[PDB]
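Read the single chain below, which is given as structure tokens and is the form deposited in one PDB entry.
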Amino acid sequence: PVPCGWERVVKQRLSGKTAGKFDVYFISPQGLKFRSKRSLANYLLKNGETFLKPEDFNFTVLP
């Protein structure tokens, strides 16, 4: 629901004209912050893929 490694933050406004409104943003696994679906969708175009190699997996028990 929130993709693996990402974080979702929800906040509610307290004062002023827009009191009660909500703001949502996402933090990526590298700490990039996205406050809009538009900017996140732009980023995702070339940067949405994650890849894996055999070297990412440790099958050994240390001495």
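Only residues modelled in both forms are compared. Residue numbers run from 1 along the displayed sequence. Throughout, rigid core stands for the largest set of C-alpha atoms superposing within 1.5 Å between the two forms.
Just so you know, the form deposited in another entry exists too; it's not on screen, but the next bit is about it.
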Open item on the list: Once the core is superposed between this form and the one not shown, does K53 show a C-alpha displacement of at least 2 Å?
Closed with: yes
- [ ] Relative to what we see here, could you say if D56 and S28 have their Cα atoms closer or farther apart in the other entry, with a change of 3 Å or more?
- [x] closer
TODO: Have a look at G48 and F22: in the other entry, are their Cα atoms closer together or farther apart than in this form, given the change is 3 Å or more?
DONE: farther
Task: Structural rearrangement between this form and the one not shown, runs of 3 or more with C-alpha shift of 2 angstroms or more, core superposed - done: 14 to 16, 46 to 61
